[PDB]
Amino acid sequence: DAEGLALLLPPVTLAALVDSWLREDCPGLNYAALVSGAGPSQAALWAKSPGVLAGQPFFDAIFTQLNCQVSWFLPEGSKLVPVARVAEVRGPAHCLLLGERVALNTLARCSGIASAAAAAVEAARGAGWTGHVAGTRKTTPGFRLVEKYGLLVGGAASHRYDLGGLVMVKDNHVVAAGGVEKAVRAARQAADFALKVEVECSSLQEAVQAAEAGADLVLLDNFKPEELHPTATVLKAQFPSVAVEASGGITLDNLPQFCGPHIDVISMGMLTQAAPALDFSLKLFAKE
């Protein structure tokens, strides 16, 4: 449930992230503060794009660091129907305007990702698929927490978060280890009981090797849909407990083709690499 997802974000982690963002945008003197002064002010947050609202905890944490308060008129995960009054921000005018750009940039990107995730989830559901749409590690460096949180609000799985999560054996690992069996054997030893092992496979031959070697997940990468489903079918027949992930060249438009009864996970780089930010503005309307 989108409203309960904020509990995932430790307050100390947010504070440090928010502080680094404010430092980036104002490393020294805030000259513009002299223009607005410190009079108690109110600003309206407007949604000018359709999509899904995501990023309230980051938006809040920015303004909290600046001694401003936010009242939300729509819950986290709400559908946005522009032009929508989303929230009021209240505080000293210079603080409101110091937080403005960082807060809007954060909300815009978080929401843009949640919107893309929601559109993919809807397309998958419309296709009658009961698997999970998932994101990837193809996130903006330093900004992963916000992007993965956005995926979650949109109803996608955050999935592989970092290199300390499940042990991912890619094509590159196979080359370095000298074969699928050797690579998976090593991965299984490293993962032990606490972590899953996933193996990126380019053919059915590779997928059977991976499964026989104890992979928890087999990632069928850059298959054509007509090859994907027969491969997954055969795999599920022989290894019923192995999960199947599809990835590579999947878009919102072709997503239904990758949906099938033997695919458990569909991961999409585009959800984080190519989701346009939503258009939000913050308008100061009263002061003193």
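Numbering starts at 1 and runs along the sequence shown.
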Inset, instruction - For the higher mean C-alpha B factor in the entry, choose 234-242 or 54-62. - result: 234-242
Legend entry - Segment of higher mean CA temperature factor, 148-156 or 200-208: 200-208
Inset, instruction - For the C-alpha B-factor as written in the entry, point me to the maximum among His173, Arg185, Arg101, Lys79. - result: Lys79
Legend entry - Chain thirds of CA B-factor: placement of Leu7: lowest
Legend entry - Lowest, middle or highest third - CA B-factor, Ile250: highest
Inset, instruction - Give the position of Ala120 by CA B-factor within its chain, expressed as the lowest, middle or highest third. - result: lowest
Legend entry - Entry-reported Cα temperature factor of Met268, expressed as the chain third it lands in: middle
Inset, instruction - Just say lowest, middle or highest third for the CA B-factor of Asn67 relative to the other modelled residues in its chain. - result: highest
